[PDB]
Amino acid sequence: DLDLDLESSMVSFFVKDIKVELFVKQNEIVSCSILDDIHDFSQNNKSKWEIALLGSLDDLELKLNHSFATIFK
Amino acid sequence: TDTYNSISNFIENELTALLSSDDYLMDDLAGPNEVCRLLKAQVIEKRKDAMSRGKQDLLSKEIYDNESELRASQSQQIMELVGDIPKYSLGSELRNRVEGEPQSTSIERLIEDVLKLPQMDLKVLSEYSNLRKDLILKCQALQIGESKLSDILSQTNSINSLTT
Amino acid sequence: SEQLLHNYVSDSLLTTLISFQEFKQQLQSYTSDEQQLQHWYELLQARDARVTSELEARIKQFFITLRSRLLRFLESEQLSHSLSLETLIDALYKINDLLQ
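Structure, rendered in structure tokens:
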């Protein structure tokens with residue numbers, strides 16, 4: 296479940312169990328964050344995922360499947 | 002810190018009470036009865052208005068004033084000294100790094116952040144100067160990367176339309 | 003500063019405002035032996051001198067302690083409001099990694 300304002304700029308939703316929030320100025324995603332602490336996580340892995348998630352809005356669907364399928368393999 | 006409690010202990014009991022008790026005890030030990040038990044009946048009559056609490060509270064006040072000018076002067080001599088220029092003239096993401104836990108990393112900040120970073136014992140000077148050089152060079156490489164990728168995407172659309 | 007405390011303790015001492023004359027006239031009604039009363043007065047000079055030098059010792063020690071604690075608090079404030087270059091360089095390394 297996700298929350299949207301009248302302009303759909305702020306958003307926050309759970310992919311599997313972690314809070315990920317996005318800020319979009321326009322169609323391109325300009326910011327990423329991960330707001331959950333699973334007790335197996337390293338800070339290096341945090342940076343390499345948000346940077347990847349940065350990009351357009353249309354490739355978010357393919358990237359969410361690609362990035363979050365490697366974690367549970 | 003409340004230095005007033007410590008100073009009040011020093012001038013209330015450590016200084017005045019000690020001298021009063023020592024005077025009484027030692028002059029009593031000097032003996035016989037009459038000489039010491041009378042010679043102190045005229046010390047009250049001529050040291051009066053010197054142990055009133057209000058004016059020795061003022062004594063702490065004027066020692067506080069002396070503290071005021073000495074503290075003013077040595078306050079300056081320590082606080083014109085600045086090691087590195089203060090917080091108000093630096094990048095926001097730079098606080099996000101130095102204080103840690105940024106929770107959000109992007110490219111837009113860091114691009115303009117390194118653009119507006121000013122160049123400045137030769138150890139850190141040289142390494143910081145060349146590292147700032149390297150990073151501004153890297154970000155301008157990134158934006159020319161936008162140039163290349165955008166051109167390639169448009170041309171790919173052209174060639175794909177022809178071939179399809 | 004220190005001289006203020008010197009003046010205050012000298013005012014609150016016993017060795018100047020108590021003179022030999024009034025001492026003699028106040029004692030003479032009970033004991034009339036001049037020599038041992040002179041001895042007792044001489045004892046009353048020495049104790050005042052020792053206690054006042056001791057008072058100067060305390061005031062010097064307390065002044066040094068005040069300088070120390072005050073300077074350390076002001077230094078802590080300055081360090082809190084000051085920036086370090088090495089932490090900045092460490093951050094620049096991470097920025098380089100992200101850009102790479």
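Residue numbers (the authors' numbering), protein chains in the order written: chain O, 296 to 368; chain Y, 2 to 32, 35 to 123, 136 to 179; chain Z, 3 to 102. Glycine is no exception: its CB is placed at the ideal position from the N, C-alpha and C atoms.
Within 8 Å of chain A by C-beta, residues of the region 93 to 116 of chain Y in sequence order
The question asks about chain A, but that chain is absent: this structure's protein chains are O, Y and Z.
Taking DSSP as the reference, what is the three-state secondary structure of residue 359 of chain O?
helix
Would you list, in chain order, the members of the region 157 to 170 of chain Y that have their beta-carbon closer than 9 Å to a beta-carbon of chain Z?
157
Which of helix, strand or coil does DSSP assign to residue 82 of chain Y?
helix
Within a Cβ cutoff of 6 Å, which residues of the same chain sit near residue 320 of chain O, ignoring the five residues on either side of it in sequence?
none
Going by alpha carbons, who is nearest to residue 350 of chain O out of Y:57, Y:110, Y:21 and Y:47?
Y:110
Spatial neighbours of residue 368 of chain O within its chain, please: C-beta separation below 6 Å, excluding the five flanking residues on both sides.
none
Going straight from the alpha carbon of residue 100 of chain Z to that of residue 360 of chain O, what length do you get?
23 Å
Beta carbons nearer than 7 Å to chain Y: which residues of the region 312 to 325 of chain O have them?
325
At least three beta-carbon pairs within less than 8 Å, the region 45 to 61 of chain Y to the region 10 to 27 of chain Z
yes
Identify the residues that DSSP records as bridge partners of residue 309 of chain O: which are they?
O:314
Extent of the continuous alpha helix (DSSP H) to which residue 181 of chain Y belongs:
Any property of residue 181 of chain Y remains undetermined from this structure, which presents chain Y solely from 2 to 179.
Just grab the DSSP bridge partners of residue 324 of chain O for me.
O:319 and O:350
Are any of the Cβ atoms in chain Y nearer than 7 Å to that of residue 328 of chain O?
yes
Leaving out five residues before and five after residue 56 of chain Z in sequence, what residues of the same chain have Cβ atoms less than 7 Å from its Cβ?
none
Count the other C-beta atoms from every protein chain shown that fall within 10 angstroms of the C-beta of residue 108 of chain Y, then say buried if there are 16 or more, exposed otherwise.
buried
Nearest CA to the CA of residue 27 of chain Y: which residue from Z:16, Z:15 and Z:49?
Z:49
What residue does the alpha helix (DSSP H) around residue 25 of chain Y start on, and which one ends it?
19 to 31
By Cβ distance, which residues of its chain are closer than 6 Å to residue 91 of chain Y, with the 5 residues on each side in sequence left out?
none
In terms of DSSP beta bridges, what is residue 329 of chain O paired with?
O:315
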